[PDB]
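K.L.:
this one's experimental. Sequence and coordinates below.
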Amino acid sequence: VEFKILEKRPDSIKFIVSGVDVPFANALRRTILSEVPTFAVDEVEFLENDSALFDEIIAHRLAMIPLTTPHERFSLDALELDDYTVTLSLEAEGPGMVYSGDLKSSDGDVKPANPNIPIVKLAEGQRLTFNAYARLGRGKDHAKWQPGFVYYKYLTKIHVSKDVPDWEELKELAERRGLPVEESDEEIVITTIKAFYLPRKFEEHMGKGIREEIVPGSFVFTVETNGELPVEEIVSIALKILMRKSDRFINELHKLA
Amino acid sequence: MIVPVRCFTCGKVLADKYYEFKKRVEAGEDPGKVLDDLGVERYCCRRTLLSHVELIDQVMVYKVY
Amino acid sequence: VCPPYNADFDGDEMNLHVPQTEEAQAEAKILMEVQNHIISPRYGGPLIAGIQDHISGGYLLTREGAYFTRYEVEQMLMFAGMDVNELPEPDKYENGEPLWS
Amino acid sequence: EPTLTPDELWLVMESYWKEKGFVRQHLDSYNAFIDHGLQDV
Amino acid sequence: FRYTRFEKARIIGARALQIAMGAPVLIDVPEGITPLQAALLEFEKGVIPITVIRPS
Amino acid sequence: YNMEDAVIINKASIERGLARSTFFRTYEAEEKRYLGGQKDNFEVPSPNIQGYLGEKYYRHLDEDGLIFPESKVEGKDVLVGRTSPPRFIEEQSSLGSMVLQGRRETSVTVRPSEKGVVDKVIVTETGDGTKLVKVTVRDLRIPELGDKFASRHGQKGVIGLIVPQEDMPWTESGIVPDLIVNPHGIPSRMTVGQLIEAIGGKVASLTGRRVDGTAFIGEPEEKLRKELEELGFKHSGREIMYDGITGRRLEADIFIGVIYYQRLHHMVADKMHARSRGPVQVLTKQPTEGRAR
Amino acid sequence: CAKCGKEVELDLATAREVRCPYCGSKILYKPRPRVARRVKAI
Amino acid sequence: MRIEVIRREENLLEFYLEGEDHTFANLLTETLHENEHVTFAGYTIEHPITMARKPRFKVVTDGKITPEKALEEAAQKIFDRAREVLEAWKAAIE
Amino acid sequence: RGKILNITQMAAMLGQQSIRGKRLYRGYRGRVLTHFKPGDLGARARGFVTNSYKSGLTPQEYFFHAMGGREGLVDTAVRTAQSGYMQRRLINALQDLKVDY
Amino acid sequence: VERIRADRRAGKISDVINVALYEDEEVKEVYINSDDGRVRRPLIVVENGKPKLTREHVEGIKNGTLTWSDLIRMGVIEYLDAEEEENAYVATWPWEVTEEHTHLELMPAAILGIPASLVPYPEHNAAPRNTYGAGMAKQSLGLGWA
Ligand SMILES: [Mg+2]
Ligand SMILES: [Zn+2]
Ligand SMILES: [Zn+2]
């Protein structure tokens, strides 16, 4: 197993994992969506609502705001999550648009990760007061508790023999999108680190002159989040859940016979 | 009906880039680069931002006490 | 069972009534159950059978050259209720890999 | 000469809808019933 | 003596109703079973004493 | 689970907003004036007899017999309490109604199989001289199993299963489909327009301008196919898709588009009802009709 | 109490005519109370 | 995670695994194919609405080892394998 | 859900367009639509669509196709009416018969 | 017949007058309709192959100069009933304007009604599907009133 980090942007990462196989990566992938826990607003207690929207819609939006989840403070790999409750209150008054950065928290560590989200517009004399409650939850129970995304693809190499008329266009096309090309005295090697749309001019030679071979055991991943957890950390937390999950199984096996 | 704060397929915040989009496109700046200039890669996130109507300003005027 | 009712699925509604007295209930289970009505009295042929995906999928499963790798065979016999022992055996083609016709 | 193109004809048509109403018959006939048709009966 | 379909249903139906109102059951033990399902196991062993008077 | 016109919908998509809608109804309890001089009087029905519901169905009323807003109503909860005068102390004598001689209930209740929350309680005067109250109640209603969806071409269908987002096949990019349509419905009905709209929505989303599709002078078919390729996608609308259950590419290419659907109002909440043993007619002795009876 | 068409509150009970003393109109809206209610956010 | 044994026979075991989904299930099945003695190993989720948390496993050996022993060694593979990947990860982002 | 006739009808001619037998006659005094010359019994004039559903129908041809499509709509609801009454006759005539032993 | 028509286009007489010449081999009739419930349709008059009133007026329609009231008085648009349409040889597009066409259609895409116009690319579907699709647009859920 050896990695090769291609690019690290603010709250996203793309890398190339090697030395695993098809089964294991899906265990990894599915776990990031459905297991890694975050914080999200569970219920809302309204005190007064003279705004232009119904009670449920505003209540619904409060649950969608991504909240910073400090991973060094409880246990995010535990099978029995902690029931620690945070109270998000707000008292606002029109005119003006209510932003996400106005929410007050009862604990300085859990605040909205992105402060520019419009919640609801208030006109003259319309008061709006509420106390949102946040708890921990998992993605499989409700989609508001999702840390992010995982997409993976087979890493393939395309051999394009120089007998094909106008092979140069492929070189020109590949360079425009940024794919590593190595050239020699027979053909060009194109590494498909991203989607490669072949033009119709070449579809009649698909097979003969041009053939694609899969590299066994090398996957390109794309992980992106929303600001609740650092993207460097998601994979770390994910693997620990996997390990912890399997271990229990052995303990249950002995208690059967 | 103020812009959906998440997309409907790809989980990614989107309300924070609606307004800044709209005023810039209503001055002549071609949409096919404004969207590209912001963090909008796939097209699934893009459909929800392009086609939307934000009727909330008309309805707000009328009242129910 | 959606040729005999002549139902489709775009909102059609059906009703269900439940018989009560012990003679009536018994009578319903022995004489009107679905399995006693696979052949139709109108013409000598089966009425309850495969529909659209059932037929088309059957073609792809049995064409010249539909070699299913070992993992898939194992996975699909457990999806169809049937329950066999360690006789998937014996791997007709092992040239490329050991696989099943 | 370029005859028109379809697109310019669209501008002609466009004027017809904006100026008058889509519900022309119920509105126009009632307006005529108020002046002429009342005194007639 | 092979029953017809209609006679079979009736015999079960008659027998089931007797089983509710008393009328001791043969070996039909398992776990909680409706009076209908009781008549089915008894019939599967060919011990139903009801004979069909055939009109002939 | 989508054969013969059914459609599978992405669980996550429902849960973030797609197709949510609200139902509304409003009741019109007035104040009749009998010619004899008596009147109705909206007051909280004194815990006595003659039509009294007996439980705490009247807990939600205020002092004057009108609810105040944002109080969850359900089942047969009472909205406004009236009291209509019998006007004839000896007219009926229904074998026990001689001693009480009280006052007839007639209070307006919400229909049996509905729920939700009250929204506005108007109160005003009528054209004659009485007082009528109109109370409206709203209902959340999430798109669950059985609701009807249909495009604008004629592909009617019912939601078949609301599968978790993870077990859904996805394209070698970030796209995850929302609605998986049965492939046996396109070359059977002959709706070629459906395929053209799918490609047309993909080009339209990427470019950013909205494709013009008016009959006879719409955007020529060949331009959308020739533009789709130069934007970076196989011309035919197909891609390489990975099956979300196990995880291996399907040995075919899987079509994908952007089609405009629309939710129809034949919602399952207004069809299901059951009868145990109801009140029937007296003179003809037949059971009653409809959901309100 | 009450509240009317684009103005201020009124007194409680009734016996006679219901009119708003300033816009001469007669249509009332029953104002929302000042309590707390638990709305779950699914 | 409770194991309800449905049927036990000579070199054959079918059982329910309460609380699991496609994640752990799929991974456990193809990990068993590296063990040369386990001839057959499958899973299924009967009707995913009424129950999609308890699947049904079937493991068949050749007699020289019990299915119970075979799982314990097989599941151990995952633990060791996942550990290696985690070590590479942490020793990368530096 | 097949017929080779409709797969071909998506990449070739639709063909003629008829109404209960005769070709299209119902129109103006001497022609069908006001876009043809009076007194033309030609192929293109009397309702013959040449383009397919892929390449697209022109305005004259599209209108002709609507005349042939209303035919199927009207009929299907009418044929049911006569059938239902007819069945009531034969049921109330034959329901008494049984097979003796 | 030529006299009354040419008079109407000049704006001398009220615009609701249409004259049609029935043309049997041994019957001649001339009809003048002036009732209150006839269903008409707008068409552009063309003479000698050149459709009357070209881009000079389109520039002014796109500008704020002449509305539709000004057009029908000037003599470009003509309201044709069923009866007057009996003698008209209407064309479709501005490309097939030989020296025989009496009138010329405006945008033909307005043939269909207000709900069937909601279907994109209607000329590519089968006739029964469009009927269903048009009929279902009248039942969707949405916002139709602020
Ligand atoms: Mg049906
Ligand atoms: Zn998206
Ligand atoms: Zn007022």
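P.N.:
Nice, thanks for sending it over. Numbering: from 1, shown residues only, chains lettered A, B, ... in the order given. Ligands and ions are numbered 1, 2, ... in the order given.

K.L.:
what residue in chain H comes nearest to chain J?
P.N.:
At 26.1 Å from chain J, residue H:49 is the closest residue in chain H, using Cβ to the nearest Cβ. Using the backbone N, CA and C atoms, a C-beta is placed for each residue, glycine as well.

K.L.:
and if you look at chain C?
P.N.:
Closest residue of chain C to chain J, Cβ to the nearest Cβ: residue C:10 (10.6 Å).

K.L.:
and what about the nearest residue to the residue of chain H closest to chain J once chain neighbours are set aside, helix, strand or coil?
P.N.:
Leaving out its chain neighbours, the residue that sits closest to residue H:49 by Cβ to Cβ, 6 or more residues apart in numbering or on different chains is residue F:161, at 6.8 Å. Three-state call for residue F:161 (DSSP: H, G, I helix; E, B strand; the rest coil): coil.

K.L.:
show me the contacts for residue F:161.
P.N.:
F:1, F:8, F:145, H:48, H:49 (Cβ atoms under 8 Å, 6 or more residues apart in numbering or on different chains).

K.L.:
weed out the non-buried ones from the residues you listed.
P.N.:
For those, a burial check counting by 16 or more other Cβ atoms under 10 Å in any protein chain shown picks out F:8, H:48.

K.L.:
which among the contacts of residue F:161 gets closest to chain I?
P.N.:
Using Cβ to the nearest Cβ, the contacts of residue F:161 come closest to chain I at residue F:1, 17.5 Å.

K.L.:
and that closest one, what is it in contact with?
P.N.:
Listed by Cβ under 8 Å, 6+ apart, the contact partners of residue F:1 are F:8, F:160, F:161.

K.L.:
what's the residue lying closest to the second one once chain neighbours are set aside sitting at in phi/psi?
P.N.:
The one in question is residue F:160. The spatial neighbour of residue F:160 that comes closest, neighbours along the chain excluded (Cβ to Cβ, 6+ apart), is residue F:6 at 3.6 Å. Dihedral pair for residue F:6: phi -130, psi 160, per degrees, to the nearest 10.

K.L.:
ok, residues contacting the lengthiest helix in chain A?
P.N.:
Ranked by residue count under DSSP state H, the longest helix found in chain A is helix A:231-254. Residues from elsewhere that reach helix A:231-254, judged by Cβ under 8 Å, 6+ apart: A:11-13, A:27-28, A:31-32, A:35-36, A:71, A:76-79, A:147-148, A:223-225, A:229, H:1-3, H:24, H:68, H:71-72, H:75-76, H:78-79, H:82-83, H:85-86, H:89-90, H:93.

K.L.:
got it, and stretch A:160-169?
P.N.:
So stretch A:160-169 is contacted by A:170, A:186, A:187, A:188, A:190, A:199, A:201, A:202, A:205, A:209, A:210 (Cβ under 8 Å, 6+ apart).

K.L.:
if we ignore the residues flanking it in sequence, what's nearest the first one?
P.N.:
Across the structure, with Cβ to Cβ, 6+ apart as the measure, the residue nearest residue A:170 apart from its sequence neighbours is residue A:160 (5.7 Å).

K.L.:
relative to chain F, how far out is that neighbour?
P.N.:
Note on residue A:160: its distance to chain F, by Cβ to the nearest Cβ, to the nearest Å, is 17 Å.

K.L.:
ditto for residue C:35
P.N.:
Residue C:35 is 22 Å from chain F, by Cβ to the nearest Cβ.

K.L.:
neighbours of residue 41, how many?
P.N.:
With no chain named, the answer covers chain A. Residue A:41 sits with 22 neighbouring residues when counted by other Cβ atoms under 10 Å in any protein chain shown.

K.L.:
nope, chain G please
P.N.:
22.

K.L.:
got a list of what it touches?
P.N.:
When contacts are counted by Cβ under 8 Å, 6+ apart, residue G:41 touches A:41, A:42, A:43, A:44, A:56, A:59, A:60, A:62, A:63.

K.L.:
how far away is it from chain C?
P.N.:
Residue G:41 is 31 Å from chain C, by Cβ to the nearest Cβ.

K.L.:
next one: residue I:67
P.N.:
In this view, residue I:67 and chain C are 27 Å apart by Cβ to the nearest Cβ.

K.L.:
touching chain D at all, the one helix or strand that residue maps to?
P.N.:
If you go by DSSP states H and E, residue I:67 is part of helix I:59-94. No: figure legend: helix I:59-94 not in contact with chain D (Cβ under 8 Å from any Cβ of the partner chain); closest approach 12.3 Å.

K.L.:
can you tell if the lengthiest helix in chain D touches chain J?
P.N.:
Identified as the longest helix of chain D according to DSSP H is helix D:6-19. Yes: using Cβ under 8 Å from any Cβ, helix D:6-19 reaches chain J at D:6, D:8, D:9, D:10, D:11, D:12, D:13, D:15, D:16, D:19.

K.L.:
who's in contact with that helix?
P.N.:
Outside helix D:6-19, the residues within contact range by Cβ under 8 Å, 6+ apart are F:217, J:42, J:55, J:58, J:61-62, J:67-69, J:93-94, J:106-107, J:110.

K.L.:
highest neighbour count among the residues you listed?
P.N.:
Neighbour max across those (other Cβ under 10 Å) = residue J:61, 21 neighbours.

K.L.:
spatially central residue in chain H, please.
P.N.:
The residue lying closest to the centre of chain H (Cα atoms, centre = their mean) is residue H:28, at 3.3 Å.

K.L.:
work out the gap between the longest helix along chain H and the centre of the chain.
P.N.:
Taking DSSP H as the criterion, chain H has its longest helix at helix H:67-90. Distance of helix H:67-90 from its chain centroid, counting by Cα atoms, centre = their mean, to the nearest Å, is 11 Å.
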